[PDB]
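One file, final-v6.txt, carrying compact mmCIF, N, CA and C atoms:
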# COMPACT_ATOMS: atom_id res chain seq x y z
N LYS Q 1 -18.44 -8.14 1.44
CA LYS Q 1 -18.60 -6.71 1.22
C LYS Q 1 -17.62 -5.90 2.05
N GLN Q 2 -17.23 -6.43 3.21
CA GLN Q 2 -16.16 -5.79 3.97
C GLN Q 2 -14.81 -6.03 3.32
N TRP Q 3 -14.63 -7.20 2.69
CA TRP Q 3 -13.36 -7.53 2.04
C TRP Q 3 -13.10 -6.65 0.83
N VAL Q 4 -14.14 -6.20 0.14
CA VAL Q 4 -13.95 -5.30 -0.99
C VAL Q 4 -13.52 -3.93 -0.50
N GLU Q 5 -14.14 -3.44 0.57
CA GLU Q 5 -13.78 -2.13 1.10
C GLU Q 5 -12.41 -2.14 1.75
N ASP Q 6 -12.01 -3.27 2.33
CA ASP Q 6 -10.67 -3.36 2.90
C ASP Q 6 -9.61 -3.47 1.82
N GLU Q 7 -9.97 -3.99 0.66
CA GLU Q 7 -9.01 -4.14 -0.42
C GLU Q 7 -8.99 -2.96 -1.37
N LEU Q 8 -10.10 -2.23 -1.49
CA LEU Q 8 -10.11 -1.08 -2.38
C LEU Q 8 -9.29 0.07 -1.83
N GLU Q 9 -9.25 0.23 -0.51
CA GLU Q 9 -8.37 1.22 0.08
C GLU Q 9 -6.91 0.81 0.00
N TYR Q 10 -6.65 -0.49 -0.11
CA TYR Q 10 -5.29 -0.98 -0.32
C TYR Q 10 -4.79 -0.65 -1.72
N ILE Q 11 -5.69 -0.61 -2.70
CA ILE Q 11 -5.29 -0.24 -4.06
C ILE Q 11 -4.91 1.24 -4.11
N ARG Q 12 -5.62 2.09 -3.35
CA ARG Q 12 -5.19 3.47 -3.21
C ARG Q 12 -3.88 3.56 -2.44
N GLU Q 13 -3.75 2.76 -1.38
CA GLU Q 13 -2.57 2.77 -0.53
C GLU Q 13 -1.35 2.17 -1.20
N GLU Q 14 -1.50 1.50 -2.34
CA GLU Q 14 -0.34 1.04 -3.10
C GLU Q 14 -0.11 1.82 -4.37
N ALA Q 15 -1.12 2.51 -4.88
CA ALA Q 15 -0.89 3.40 -6.01
C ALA Q 15 -0.25 4.70 -5.56
N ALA Q 16 -0.46 5.11 -4.32
CA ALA Q 16 0.37 6.13 -3.68
C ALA Q 16 1.36 5.50 -2.70
N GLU Q 17 2.23 4.63 -3.21
CA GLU Q 17 3.25 4.02 -2.37
C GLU Q 17 4.57 3.83 -3.09
N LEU Q 18 4.69 4.27 -4.34
CA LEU Q 18 5.91 4.08 -5.11
C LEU Q 18 6.91 5.22 -4.92
N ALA Q 19 6.83 5.90 -3.76
CA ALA Q 19 7.50 7.17 -3.45
C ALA Q 19 7.15 8.26 -4.46
N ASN Q 20 5.97 8.13 -5.07
CA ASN Q 20 5.51 8.94 -6.20
C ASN Q 20 6.55 8.98 -7.31
N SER Q 21 7.01 7.79 -7.70
CA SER Q 21 7.89 7.66 -8.86
C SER Q 21 7.10 7.96 -10.13
N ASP Q 22 7.52 8.99 -10.86
CA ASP Q 22 6.84 9.37 -12.09
C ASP Q 22 7.23 8.50 -13.27
N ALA Q 23 8.05 7.46 -13.05
CA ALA Q 23 8.29 6.41 -14.03
C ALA Q 23 6.98 5.72 -14.35
N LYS Q 24 6.36 5.11 -13.34
CA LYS Q 24 4.97 4.67 -13.43
C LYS Q 24 4.10 5.90 -13.21
N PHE Q 25 3.90 6.64 -14.30
CA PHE Q 25 3.04 7.81 -14.24
C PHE Q 25 1.57 7.43 -14.27
N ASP Q 26 1.26 6.29 -14.87
CA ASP Q 26 -0.14 5.92 -15.12
C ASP Q 26 -0.66 5.06 -13.96
N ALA Q 27 -0.97 5.75 -12.87
CA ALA Q 27 -1.72 5.15 -11.78
C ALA Q 27 -3.21 5.08 -12.07
N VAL Q 28 -3.66 5.66 -13.18
CA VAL Q 28 -5.07 5.58 -13.55
C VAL Q 28 -5.42 4.17 -14.00
N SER Q 29 -4.60 3.61 -14.89
CA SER Q 29 -4.81 2.25 -15.37
C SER Q 29 -4.16 1.21 -14.47
N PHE Q 30 -3.65 1.60 -13.31
CA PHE Q 30 -3.31 0.64 -12.27
C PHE Q 30 -4.50 0.38 -11.36
N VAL Q 31 -5.17 1.45 -10.92
CA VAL Q 31 -6.39 1.30 -10.14
C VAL Q 31 -7.60 1.00 -11.01
N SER Q 32 -7.43 0.93 -12.32
CA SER Q 32 -8.50 0.46 -13.19
C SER Q 32 -8.47 -1.05 -13.32
N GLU Q 33 -7.30 -1.61 -13.60
CA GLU Q 33 -7.16 -3.05 -13.76
C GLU Q 33 -7.07 -3.81 -12.45
N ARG Q 34 -6.91 -3.12 -11.32
CA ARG Q 34 -6.88 -3.79 -10.03
C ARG Q 34 -8.12 -3.52 -9.20
N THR Q 35 -9.08 -2.77 -9.74
CA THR Q 35 -10.42 -2.69 -9.20
C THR Q 35 -11.35 -3.65 -9.93
N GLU Q 36 -11.13 -3.82 -11.24
CA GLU Q 36 -11.76 -4.92 -11.96
C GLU Q 36 -11.35 -6.27 -11.40
N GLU Q 37 -10.11 -6.39 -10.93
CA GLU Q 37 -9.65 -7.64 -10.37
C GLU Q 37 -10.24 -7.90 -8.99
N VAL Q 38 -10.49 -6.85 -8.20
CA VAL Q 38 -11.05 -7.08 -6.88
C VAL Q 38 -12.54 -7.34 -6.95
N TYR Q 39 -13.20 -6.93 -8.04
CA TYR Q 39 -14.61 -7.24 -8.21
C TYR Q 39 -14.81 -8.63 -8.79
N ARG Q 40 -13.82 -9.13 -9.53
CA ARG Q 40 -13.88 -10.49 -10.03
C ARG Q 40 -13.60 -11.51 -8.94
N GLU Q 41 -12.95 -11.11 -7.85
CA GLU Q 41 -12.71 -12.03 -6.75
C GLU Q 41 -13.81 -12.00 -5.72
N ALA Q 42 -14.52 -10.88 -5.60
CA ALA Q 42 -15.71 -10.85 -4.77
C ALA Q 42 -16.80 -11.73 -5.36
N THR Q 43 -16.90 -11.74 -6.69
CA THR Q 43 -17.83 -12.63 -7.38
C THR Q 43 -17.44 -14.08 -7.19
N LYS Q 44 -16.14 -14.38 -7.22
CA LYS Q 44 -15.67 -15.73 -6.94
C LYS Q 44 -15.90 -16.11 -5.49
N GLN Q 45 -15.84 -15.14 -4.58
CA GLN Q 45 -16.04 -15.45 -3.17
C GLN Q 45 -17.51 -15.60 -2.82
N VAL Q 46 -18.39 -14.87 -3.51
CA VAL Q 46 -19.82 -15.03 -3.30
C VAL Q 46 -20.26 -16.40 -3.80
N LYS Q 47 -19.82 -16.77 -5.00
CA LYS Q 47 -20.18 -18.04 -5.60
C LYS Q 47 -19.54 -19.23 -4.93
N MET Q 48 -18.57 -19.02 -4.04
CA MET Q 48 -18.04 -20.11 -3.24
C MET Q 48 -18.79 -20.27 -1.93
Could you rewrite the structure in this file as structure tokens?
Amino acid sequence: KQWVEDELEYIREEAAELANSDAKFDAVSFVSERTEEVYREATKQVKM
């Protein structure tokens, strides 16, 4: 549960890390598909 909170702030810290390049304008579906990914790994870590 600490690992999810330490990694969810990293997803914010990398979606605001591209020097705000508007090329990748869609940071909405970046923190969507990488929050689903961090919840699928917490489930893998609980079951391990």
| message | I'd like the interatomic distance between atom CA of residue Q:24 and atom N of residue Q:36, to a tenth of an Å. | response |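 Between atom CA of residue Q:24 and atom N of residue Q:36 the gap is 18.3 Å.
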| query | In Å, with one decimal, what is the gap from atom C of residue Q:48 to atom N of residue Q:33? | reply | 24.8 Å
| request: List every protein, DNA or RNA residue that has an atom no more than 12 Å from (-2.2, -0.4, -3.9) in the file's coordinate frame, counting only C-alpha atoms, and report them as a ChimeraX atom specification. | output: /Q:6-18,27-28,30-35,38
| query | Mind pulling up the distance from atom CA of residue Q:2 to atom CA of residue Q:40? | reply | 14.9 Å
| task | Report the residues of chain Q whose backbone DSSP state falls under helix (DSSP H, G or I), written as a PyMOL selection string. | result | chain Q and resi 2-15+30-33+36-46
Once 8 Å is added on each side, what are the centre and the three edge lengths, in Å to one decimal, of the axis-aligned box enclosing the listed atoms of stretch 1-15 of chain Q? Present them as AutoDock Vina command-line options.
--center_x -9.4 --center_y -1.7 --center_z -1.0 --size_x 34.5 --size_y 28.8 --size_z 26.0
Can you pull stretch 2-46 of chain Q out of that block with N, CA and C atoms and hand it back as a compact mmCIF listing (two decimals), in the first residue's frame?
# COMPACT_ATOMS: atom_id res chain seq x y z
N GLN Q 2 2.05 1.18 0.57
CA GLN Q 2 2.99 2.29 0.44
C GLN Q 2 3.59 2.35 -0.95
N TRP Q 3 3.77 1.19 -1.59
CA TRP Q 3 4.35 1.13 -2.92
C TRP Q 3 3.42 1.73 -3.97
N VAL Q 4 2.11 1.63 -3.76
CA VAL Q 4 1.17 2.25 -4.69
C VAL Q 4 1.22 3.76 -4.57
N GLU Q 5 1.28 4.27 -3.34
CA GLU Q 5 1.33 5.71 -3.14
C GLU Q 5 2.66 6.30 -3.57
N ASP Q 6 3.74 5.53 -3.46
CA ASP Q 6 5.03 6.02 -3.93
C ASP Q 6 5.11 5.99 -5.44
N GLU Q 7 4.34 5.12 -6.09
CA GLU Q 7 4.38 5.03 -7.53
C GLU Q 7 3.32 5.89 -8.21
N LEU Q 8 2.21 6.18 -7.53
CA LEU Q 8 1.18 7.01 -8.14
C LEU Q 8 1.62 8.46 -8.24
N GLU Q 9 2.41 8.94 -7.28
CA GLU Q 9 2.97 10.27 -7.39
C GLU Q 9 4.06 10.34 -8.44
N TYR Q 10 4.69 9.21 -8.75
CA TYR Q 10 5.67 9.14 -9.83
C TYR Q 10 5.00 9.27 -11.19
N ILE Q 11 3.76 8.78 -11.32
CA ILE Q 11 3.03 8.92 -12.57
C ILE Q 11 2.66 10.38 -12.81
N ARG Q 12 2.32 11.11 -11.74
CA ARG Q 12 2.15 12.56 -11.87
C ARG Q 12 3.47 13.24 -12.17
N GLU Q 13 4.54 12.81 -11.50
CA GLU Q 13 5.85 13.40 -11.66
C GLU Q 13 6.50 13.08 -13.00
N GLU Q 14 5.95 12.14 -13.77
CA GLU Q 14 6.44 11.91 -15.12
C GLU Q 14 5.48 12.39 -16.20
N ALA Q 15 4.21 12.58 -15.87
CA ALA Q 15 3.30 13.19 -16.83
C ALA Q 15 3.49 14.70 -16.88
N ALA Q 16 3.97 15.30 -15.80
CA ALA Q 16 4.51 16.66 -15.84
C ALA Q 16 6.04 16.63 -15.80
N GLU Q 17 6.65 15.99 -16.79
CA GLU Q 17 8.10 15.96 -16.88
C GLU Q 17 8.62 16.04 -18.31
N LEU Q 18 7.74 16.18 -19.29
CA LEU Q 18 8.15 16.21 -20.69
C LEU Q 18 8.48 17.62 -21.17
N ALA Q 19 8.88 18.50 -20.23
CA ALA Q 19 9.01 19.95 -20.40
C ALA Q 19 7.71 20.59 -20.88
N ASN Q 20 6.59 19.95 -20.54
CA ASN Q 20 5.25 20.27 -21.04
C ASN Q 20 5.24 20.37 -22.56
N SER Q 21 5.78 19.34 -23.20
CA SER Q 21 5.70 19.21 -24.65
C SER Q 21 4.26 18.93 -25.06
N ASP Q 22 3.67 19.83 -25.84
CA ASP Q 22 2.30 19.66 -26.28
C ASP Q 22 2.16 18.70 -27.46
N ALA Q 23 3.27 18.07 -27.88
CA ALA Q 23 3.24 16.95 -28.81
C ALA Q 23 2.43 15.82 -28.20
N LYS Q 24 2.90 15.31 -27.06
CA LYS Q 24 2.08 14.43 -26.21
C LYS Q 24 1.14 15.34 -25.42
N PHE Q 25 0.03 15.68 -26.06
CA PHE Q 25 -0.97 16.50 -25.40
C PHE Q 25 -1.82 15.67 -24.46
N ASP Q 26 -1.95 14.37 -24.73
CA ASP Q 26 -2.89 13.53 -24.00
C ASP Q 26 -2.18 12.86 -22.82
N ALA Q 27 -1.98 13.65 -21.78
CA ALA Q 27 -1.56 13.12 -20.49
C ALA Q 27 -2.71 12.52 -19.71
N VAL Q 28 -3.94 12.63 -20.21
CA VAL Q 28 -5.08 12.02 -19.54
C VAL Q 28 -5.04 10.51 -19.70
N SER Q 29 -4.82 10.04 -20.93
CA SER Q 29 -4.71 8.61 -21.19
C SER Q 29 -3.30 8.08 -21.00
N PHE Q 30 -2.39 8.89 -20.46
CA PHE Q 30 -1.13 8.37 -19.96
C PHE Q 30 -1.25 7.97 -18.50
N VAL Q 31 -1.85 8.84 -17.68
CA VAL Q 31 -2.12 8.49 -16.29
C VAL Q 31 -3.36 7.62 -16.14
N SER Q 32 -4.04 7.30 -17.23
CA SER Q 32 -5.11 6.32 -17.18
C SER Q 32 -4.56 4.91 -17.35
N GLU Q 33 -3.73 4.70 -18.36
CA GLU Q 33 -3.16 3.39 -18.63
C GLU Q 33 -1.98 3.05 -17.75
N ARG Q 34 -1.44 4.00 -16.99
CA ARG Q 34 -0.34 3.71 -16.08
C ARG Q 34 -0.77 3.76 -14.62
N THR Q 35 -2.05 4.01 -14.36
CA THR Q 35 -2.64 3.78 -13.05
C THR Q 35 -3.34 2.43 -13.01
N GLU Q 36 -3.94 2.02 -14.13
CA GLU Q 36 -4.37 0.64 -14.29
C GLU Q 36 -3.20 -0.33 -14.20
N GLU Q 37 -2.03 0.08 -14.69
CA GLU Q 37 -0.86 -0.79 -14.62
C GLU Q 37 -0.30 -0.88 -13.22
N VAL Q 38 -0.39 0.19 -12.43
CA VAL Q 38 0.15 0.12 -11.08
C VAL Q 38 -0.80 -0.61 -10.14
N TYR Q 39 -2.08 -0.72 -10.49
CA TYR Q 39 -3.00 -1.49 -9.68
C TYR Q 39 -2.95 -2.97 -10.03
N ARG Q 40 -2.55 -3.29 -11.26
CA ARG Q 40 -2.35 -4.67 -11.65
C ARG Q 40 -1.07 -5.25 -11.07
N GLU Q 41 -0.12 -4.41 -10.68
CA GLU Q 41 1.10 -4.91 -10.06
C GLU Q 41 0.99 -4.98 -8.55
N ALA Q 42 0.15 -4.15 -7.95
CA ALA Q 42 -0.15 -4.32 -6.53
C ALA Q 42 -0.90 -5.61 -6.28
N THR Q 43 -1.79 -5.98 -7.20
CA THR Q 43 -2.48 -7.25 -7.12
C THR Q 43 -1.52 -8.41 -7.30
N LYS Q 44 -0.55 -8.27 -8.20
CA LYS Q 44 0.47 -9.29 -8.36
C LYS Q 44 1.38 -9.36 -7.14
N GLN Q 45 1.60 -8.24 -6.47
CA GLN Q 45 2.47 -8.25 -5.30
C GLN Q 45 1.77 -8.77 -4.06
N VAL Q 46 0.46 -8.55 -3.96
CA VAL Q 46 -0.31 -9.11 -2.85
C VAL Q 46 -0.37 -10.62 -2.98
